[PDB]
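Chemist: Handing you this structure, nothing more for now.
A short reminder: the numbers here are calculations on the coordinates, not readings from a lab. Neighbour counts run over all protein chains shown; Cβ positions are idealised from the backbone, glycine included.
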Amino acid sequence: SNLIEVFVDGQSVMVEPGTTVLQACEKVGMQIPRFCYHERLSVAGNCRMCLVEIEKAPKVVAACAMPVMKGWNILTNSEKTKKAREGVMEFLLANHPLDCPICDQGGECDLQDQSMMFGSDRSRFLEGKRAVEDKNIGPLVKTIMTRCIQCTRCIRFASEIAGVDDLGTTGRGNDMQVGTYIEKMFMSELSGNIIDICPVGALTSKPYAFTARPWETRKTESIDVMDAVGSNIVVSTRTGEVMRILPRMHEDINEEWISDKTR
Amino acid sequence: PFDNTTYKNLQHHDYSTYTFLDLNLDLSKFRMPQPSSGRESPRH
Amino acid sequence: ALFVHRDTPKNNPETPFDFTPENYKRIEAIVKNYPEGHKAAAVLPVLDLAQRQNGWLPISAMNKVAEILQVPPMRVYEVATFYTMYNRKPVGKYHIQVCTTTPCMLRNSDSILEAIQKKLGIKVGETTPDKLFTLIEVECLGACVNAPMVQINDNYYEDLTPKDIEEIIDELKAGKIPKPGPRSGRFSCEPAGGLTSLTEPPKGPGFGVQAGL
Amino acid sequence: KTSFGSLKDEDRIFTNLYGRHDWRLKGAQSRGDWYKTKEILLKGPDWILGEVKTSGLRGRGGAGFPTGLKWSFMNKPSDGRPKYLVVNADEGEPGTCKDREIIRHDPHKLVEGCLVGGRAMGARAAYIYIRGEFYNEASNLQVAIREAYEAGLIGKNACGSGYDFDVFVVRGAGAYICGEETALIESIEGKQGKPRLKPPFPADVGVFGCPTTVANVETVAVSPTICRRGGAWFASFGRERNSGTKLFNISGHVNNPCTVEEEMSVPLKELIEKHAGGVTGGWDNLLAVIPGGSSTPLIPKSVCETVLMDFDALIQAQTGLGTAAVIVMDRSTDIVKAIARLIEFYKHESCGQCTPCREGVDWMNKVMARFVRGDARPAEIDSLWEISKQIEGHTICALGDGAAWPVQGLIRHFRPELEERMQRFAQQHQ
Ligand SMILES: NC(=O)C1=CN([C@@H]2O[C@H](COP(=O)(O)OP(=O)(O)OC[C@H]3O[C@@H](n4cnc5c(N)ncnc54)[C@H](O)[C@@H]3O)[C@@H](O)[C@H]2O)C=CC1
Ligand SMILES: Cc1cc2nc3c(=O)[nH]c(=O)nc-3n(C[C@H](O)[C@H](O)[C@H](O)COP(=O)(O)O)c2cc1C
Ligand code: SF4
Ligand code: SF4
Ligand code: SF4
Ligand code: FES
Ligand code: FES
Ligand SMILES: [K+]
């Protein structure tokens, strides 16, 4: 074989050439924090949450995008890796709105959870925040774009999996806004999966809106019957009532997506 | 005679709004045939 | 200053835009500069061509550029909102761009910004009511030793005083075209008190050429 | 040699820098351009790369990467894809106006540099990504490219050498980030000028996915003079690892703001007092100098007295050489207002792609806008320092570095002036 030897925190692991730093750390059971990386989307490398120290290298590398070289010792828990994560989380939470009680993502929020796990416990941001105009992309996806952290999972999903090319980023800098730039309605057959892959509450389910909350939901693993694909789903119920339907990962059927009829 | 006292770049006082693009249209005949990726676009 | 579009009666996808046939020949010349299969690389010139024909970009120039280049319209909207030259609102006939970054601010570009404001009766971002002048405030235009300077639609006007920019605005209102250069005594970028360099004649072909060549 | 500067006119590469001679093909050939270009092209890529490596030429864009080592990354056999030289003519750096002068006044020198460099790297064509604000300069360069095609100097059988080479000019559309090499590549490809992550370096995946070298106008245009005069001639100027001549843009608070070609390791005081007429009010009126355009940290008057204007001596002065754009600031300057205007530039010129720049450059601009008024407290200085250190090295490209560095230079050399600003705000507003 042509496997190269790399190190995650001193532990040796044999990886294929072209393996990223994030995947090499995944092979020893360490999940590097991320916001823009998704293993079924193309690599973006712009949330900078996956920044990790390679030792004897005076610069952190973006683990989602950087291929491993032979002999790298990836320091997933070192001091400057943790400082990089805290700084990036501080910039993500600088302009992010204090909406966690009114946001449907709360309790199942990647930004909340890895702010708890990898960020600091307090704020130094003494300024006013930005506020973004909400968009109207249809009756399925509620859009609250102040919560957007510009990870571009929207655009990569709609371009690469849904094949739509109607989402994008307009503007530049801190005023860069994810949207359609026009009053355009993002109605694919797969348009509800941007609710799944949005790490924050910027894209939420408009039918599910405000009704439940993830810790009180019971998760029943079941099968779609809306077509003959047999998409594996989670029916999440609450007190004997069906709240919503999420995908289950089945690599050979529905990889982690469901159609909007199913959803 | 050697002149070092006048500014010889007086042509751009007479450039219009289509000067660059008319120069590109004039240069279109001098150029090598472009390489092809083998498809019409990356969405083809 | 917004990066969403709302359909107005003067800016909508049924606003009449189409290139002239000489502009279509220019577009063909632009597209032939790029490899086959990468026609999207002609988004930035052709859209700028749509700004040189119309003065600004309604959302029919963006849609026409997306149609003739076979790119999605969102990928043209991204370019039109990313780059600060694409006028997505109709600007005046003379688009005055005053540089106020630090090398121009140190040489008092604020006095010239105030001189343009009190001459035209408008402020930064506004347009004169006869639609002749739009005054905005831009970043470094790359004429830093010729600070303070402005740009009017293609042209740099450099080494300016308030009197010089008032004279330029006067001969823009009078229908004439001003000379795009430094308004001080110097010509392009030399030291103003005489040449401190390049006073000797240039040596010509063959000078200092090494052996074996 | 121990002392540097006082460069003679016979050793100038950029003769006709000032527009005093004909920029067209007759004037360029009468000054030495397009001389024995066929004999340079027929000696192969390895000879040209050896001359550029021997010359000690470093990247004149501002980072100073070794130019021959960089261009030898393309010296490899083809894999079906074409190869491209891309000339970075964006020049968005505040202070910097030298590549405008090369394009406007020595355009055939840039075209011959495109030919020689693209022969060295095996490139099919040259894309000169020029700034869109440089419209007259772009049409100027297009007239020179038409003269080079009509003389057979470029195109099919360039200079009679049997090497085919086109030279294209792509205009920008008003983004400072489109001078960063991968963002420039994305701008040529018809997209938003957002930088790519490295790796891939452009020699592997560059413009259109092809092997590509992006090189500055100045480091391209000196290369035919390096191939004619010899690399040992070019390495005879400046200190070791600091070879050659350099265009300097002395602007700001000098008597005669100018672009001038000068030997590499010239003192900053000698450069300002010789070519710029000195600081307004004398040398004792000097407060600070931004040595190499906006991304380099400022140095105060005590550092400027003995410092040399090459890469290594300015790194030892904990700043950078950068674009060699000397912005001079006298004692009458509100230096916090100037650095805050510079941070305002960096948030208006930030493509918004990655989190630390998109959020932290705006947050540094808000903190600097309060520091101008003094509407802050001194514990926010070190806080701002840490914010800059959370942007530096954590971004996709070096615009985050180039925004963090002026903040760091201002804090490091002028913390007491920030503190007295804030305490006089506190005593006259409370
Ligand atoms: N000239 C101008 O108008 C401006 C210049 N700058 C300068 O830009 C500099 C930063 O520019 P960058 O290109 O982002 O940084 P720099 O670290 O990366 O790289 C410079 C060049 O070296 C190449 N390179 C570096 N390491 C390499 C490696 N290991 N393998 C292959 N190639 C490698 C890069 O591809 C690039 O072309 C700063 O020093 C700043 O002064 C910044 C803004 C404006
Ligand atoms: C934000 C940013 C802007 C840049 N702008 C330019 C530019 O306008 N012109 C330029 O030559 N280099 C610019 N650079 C440096 C380039 O990335 C690159 O190093 C250079 O253009 C080519 O390398 P060279 O110096 O060897 O020629 C910029 C870098 C950054 C980070
Ligand atoms: S997206 Fe997450 S962090 Fe933001 S308001 Fe909603 S629950 Fe809170
Ligand atoms: S809306 Fe969500 S998925 Fe889309 S870019 Fe913003 S944070 Fe990412
Ligand atoms: S650091 Fe700033 S300029 Fe660079 S990719 Fe990120 S947002 Fe863009
Ligand atoms: S996860 Fe690697 S940068 Fe977003
Ligand atoms: S600072 Fe105004 S032109 Fe560069
Ligand atoms: K979501």
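Chemist: For chain D, take the longest principal axis of its alpha carbons; what is the angle in degrees between that and the long axis of helix D:355-373, to the nearest 10 within 0 to 90?
Modeler: That works out to roughly 50 degrees.
Chemist: Also, quick follow-up: Rounded to whole Å and sorted largest first, list the principal axis extents of the Cα atoms in chain B.
Modeler: Largest first, chain B extends 59, 25, 17 Å along its Cα principal axes.
Chemist: Okay, moving on. Between exposed GluC sites (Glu not before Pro) in chain C, where DSSP calls loop and at most 15 other Cβ atoms lie within 10 Å, what's the longest gap?
Modeler: The longest uninterrupted stretch comes out as C:15-125.
Chemist: Based on the alpha carbons, how large is the Rg to Rh ratio for region A:1-212 when Rh follows Kirkwood?
Modeler: For region A:1-212, the value is 1.00.
Chemist: Let me ask you something else. Between helix D:135-150 and chain D, what is the angle of the helix's C-alpha long axis to the longest principal axis, kept within 0 to 90° and rounded to the nearest 10?
Modeler: With both axes taken from Cα atoms, the answer is about 10 degrees.
Chemist: Could you list A:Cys109, A:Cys25 in order of exposure, starting from the residue whose Cβ has the fewest other Cβ atoms within 10 Å?
Modeler: Sorted ascending by nearby Cβ count, the order is A:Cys109, A:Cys25.
Chemist: Roughly what % of DSSP beta bridges within region C:91-196 run antiparallel, to the nearest 5? Don't skip to the answer; put the middle values down first.
Modeler: Working: 7 of 14 bridges.
DSSP beta bridges in region C:91-196 are roughly 50 percent antiparallel.
Chemist: What are the equivalent ellipsoid semi-axes of the protein assembly as shown, built from the alpha-carbon gyration tensor (square roots of five times its eigenvalues), in whole angstrom, biggest first?
Modeler: Ellipsoid semi-axes (Å, largest first): 46, 32, 30.
Chemist: Taking only DSSP H segments of four or more residues, each worth -39500 (n - 2.57), what value at 222 nm results for chain D once the sum is divided by all its residues, to the nearest 500 deg cm²/dmol?
Modeler: -12500 deg cm²/dmol
Chemist: Could you check how many percent of all C-alpha pairs in region A:213-263 are farther apart than 13 Å?
Modeler: The proportion of pairs with Cα distances above 13 Å equals 52 percent.
Chemist: Rounded to whole Å and sorted largest first, what semi-axes of the equivalent ellipsoid does the C-alpha gyration tensor of region C:17-90 yield via the square root of 5 times each eigenvalue?
Modeler: Semi-axis lengths for region C:17-90 are 18, 14, 10 Å.
Chemist: If R₀ is 35 angstrom, what is the calculated FRET efficiency for the pair C:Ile136 and A:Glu183, using the beta carbon separation as r and rounding to 0.05? Please list the in-between numbers first.
Modeler: Details: r = 27 Å, r/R0 = 0.78.
About 0.80, to the nearest 0.05.
Chemist: Which of D:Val205, D:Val289 has the fewest other C-beta atoms within 10 Å, and how do the rest follow up to the most?
Modeler: Fewest to most other Cβ atoms nearby, the residues stand as D:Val205, D:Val289.
Chemist: Loop-only check: which GluC sites (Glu not before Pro) in region A:131-218 are DSSP coil with at most 13 other Cβ within 10 angstrom?
Modeler: Answer by residue number: A:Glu133, A:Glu183, A:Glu189.
Chemist: What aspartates and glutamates does D:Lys1 reach when the alpha-carbon gap must be under 12 Å and sequence neighbours fewer than 8 apart in one chain are set aside?
Modeler: Of all the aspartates and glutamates, those that pass the test against D:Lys1 - Cα under 12 Å, at least 8 places apart if same chain - are D:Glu240.
Chemist: What relative contact order, as a whole-number percentage, does region A:43-92 give when Cα pairs under 8 Å and 6 or more residues apart are counted?
Modeler: Computed over region A:43-92, the figure is 41 percent.
Chemist: Starting from the Cα of A:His250, step 7 Å along the direction of its Cβ; do the same at D:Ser78; then give the gap between the two resulting points in nm.
Modeler: 5.0 nm
Chemist: Testing the spin-label approximation: label points 7 Å from Cα along Cα→Cβ at A:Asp121 and C:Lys25. State their distance in nm.
Modeler: Computed distance between label sites A:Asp121 and C:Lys25 equals 7.4 nm.
Chemist: Shifting gears a bit: For region A:1-212, what is the relative contact order in percent, using Cα pairs closer than 8 Å and at least 6 residues apart in sequence? Spell out each step's value before the answer.
Modeler: Details: 355 pairs, mean separation 38.5, N = 212.
About 18 percent, as a whole number.
Chemist: Find the centroid of the Cα atoms in region D:311-367 and in region D:1-75, then give the distance between the two in whole Å.
Modeler: When both Cα centres are located, 30 Å separates them.
Chemist: In terms of modelled amide H atoms, which long-range or inter-chain residues lie less than 5 Å from the amide H of A:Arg244?
Modeler: Sorted by chain and number, the residues that satisfy this are A:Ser236.
Chemist: Let me ask you something else. Return one number: the angle in degrees, 0 to 90 and rounded to the nearest 10, between the long axis of the Cα atoms of helix D:379-391 and the longest principal axis of the Cα atoms of chain D.
Modeler: 20 degrees
Chemist: As I understand it, the dipole of the protein assembly as shown uses +1 on the Cβ of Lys and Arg and -1 on the Cβ of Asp and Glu, about the Cα centre. Which of D:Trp47, A:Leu111, A:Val8 lies farthest toward its positive end?
Modeler: It is D:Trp47.
Chemist: Just grab the label-to-label distance for D:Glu273 and C:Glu171, each label 7 Å out from Cα along the Cβ direction, in nm (one decimal).
Modeler: In this crude label model, D:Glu273 to C:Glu171 measures out at 4.0 nm.
Chemist: Ranking D:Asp90, A:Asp260, A:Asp175, C:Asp170 by Cβ neighbours within 10 Å, fewest first, what do you get?
Modeler: The most exposed by this proxy come first: C:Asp170, A:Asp260, A:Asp175, D:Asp90.
Chemist: Could I ask something else about it? Principal axis lengths of region C:4-134 from Cα atoms, whole Å, largest first?
Modeler: The Cα atoms of region C:4-134 stretch 50, 36, 29 Å along their principal axes.
Chemist: Still on this structure, I have one more. Please work out the C-alpha center-to-center distance from region C:149-177 to region A:42-62 and express it in whole Å.
Modeler: Using only Cα atoms to place each centre, the spacing works out to 49 Å.
Chemist: Oh, and also: Output ³J(HN,Hα) for region A:14-23: one whole-Hz value per residue in order, computed from phi by the Karplus curve 6.51 cos²θ - 1.76 cosθ + 1.60 with θ = phi - 60°, and x for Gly and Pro.
Modeler: Those phi angles translate into 9, 10, 5, x, x, 5, 6, 4, 5, 6 Hz.
Chemist: Are any of the pairs C:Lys119/C:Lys176; D:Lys269/D:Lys389; B:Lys29/C:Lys64; A:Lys56/D:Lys53; D:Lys70/D:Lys198 more than 23 Å apart by Cα-Cα distance, and if so, which?
Modeler: Violating the 23 Å limit, Cα to Cα: D:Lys269/D:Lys389; B:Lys29/C:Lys64; A:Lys56/D:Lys53.
Chemist: Over chain C, what is the relative contact order in whole percent, taking alpha-carbon pairs under 8 Å and six or more residues apart?
Modeler: Details: 259 pairs, mean separation 28.9, N = 213.
About 14 percent, as a whole number.
Chemist: Now for a different question. Expressed as a whole number of Å, what is the distance separating the alpha-carbon centroids of region A:186-227 and region A:231-263?
Modeler: Between the Cα centre of region A:231-263 and that of region A:186-227, the gap is 8 Å.
Chemist: Given the Cα-Cα distance of A:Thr211 and A:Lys27 and 0.36 nm per residue of separation, how much length would full extension add, in nm?
Modeler: This chain segment gains 62.4 nm when fully extended.
Chemist: Volume per residue, Å³, of the convex hull around the alpha-carbon atoms of chain D?
Modeler: With only Cα atoms used, chain D gives 130 Å³ per residue.
Chemist: Okay, moving on. Return the loop-located trypsin sites (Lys or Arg not before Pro) in region C:113-160 (DSSP other than H, G, I, E, B) with at most 16 other Cβ atoms within 10 Å of their own Cβ; answer none if there are none.
Modeler: C:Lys123, C:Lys131
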